[PDB]
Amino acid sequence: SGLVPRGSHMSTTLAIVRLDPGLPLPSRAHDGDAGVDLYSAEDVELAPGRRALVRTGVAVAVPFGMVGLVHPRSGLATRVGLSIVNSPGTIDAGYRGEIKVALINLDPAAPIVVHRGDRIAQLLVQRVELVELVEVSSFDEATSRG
């Protein structure tokens, strides 16, 4: 597998520092999966309605022209009401700090216990358009929907 297949020639490298090397490197659960799963570095208990800012133990260098996106996992979302307050979290190209996940318990009654080493979110990487705004007085000067 050190040979990059023709179909993966243009695939993107993401530099990562394991700030907590006791956690595995994030990985795709299955071939073709959009995201790599991020771990919790911490034990945390969330009562109903409470949030926390949870360390993942990693820092990344998203390439210029791209964005990292932190999305909730669907299983925990349905089973226990686990969500992310700022979802999708937006990780900028220039960020060199630790990725942190703003977990929240949206269940009305049952606490959520997160253990160190649990997979608590997924990180996608996508291209983004670094847009140049052009201010106009009206869209004329410059649709079905309107």
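Note that residue numbering begins at 1 and tracks the sequence as displayed.
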| item | value |
| --- | --- |
| Deposited-sequence gap flanked by residue 142 and residue 143 | 4 to 9 |
| Per the entry, higher mean C-alpha B factor between 30 to 38 and 117 to 125 | 30 to 38 |
| Mean Cα B-factor comparison, 106 to 114 or 83 to 91, giving the higher one as deposited | 106 to 114 |
| Selection by C-alpha B-factor (highest) of 101, 60, 44, 77 | 44 |
| Top Cα B factor in the deposited entry, candidates 19, 133, 16, 23 | 133 |
